[PDB]
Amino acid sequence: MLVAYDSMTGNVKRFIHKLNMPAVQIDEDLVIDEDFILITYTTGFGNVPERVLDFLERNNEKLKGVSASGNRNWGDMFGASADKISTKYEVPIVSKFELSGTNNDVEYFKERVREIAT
């Protein structure tokens, strides 16, 4: 299954390279026409990056789940971009992880997506 993602300072990009899954970085024009999982980072005060928001306006019909990278220093705003996308589009939160993720984060993600894809 396809993974769509966005990264500003490289942490999500590094997480992606641990997954060994088909993955593509989003831009403003990109159109995905098959089921995908979104991985976004968290910016602002628990907010979704604007480029991810714009991308989802065109592509939310094929969105099946969301993970978020963040930092537990943000308290209840940890990975809260996932919560906002999950409630907005009624898709599950796949997982939340810190920065580039641990090896347990990787395996938890792959187990969660195999669970979802049925």
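Sequential numbering from 1, following the sequence displayed.
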{"item": "75 to 83 versus 54 to 62 - greater average Cα B-factor per the deposited record", "value": "54 to 62"}
{"item": "Given 38 to 46 and 88 to 96, the range whose Cα B-factors average higher in the PDB entry", "value": "88 to 96"}
{"item": "Within-chain third of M21 by Cα B-factor, per the entry", "value": "highest"}
{"item": "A4 - Cα temperature factor, lowest/middle/highest third of chain", "value": "lowest"}
{"item": "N103, C-alpha B-factor rank within chain (lowest, middle or highest third)", "value": "highest"}
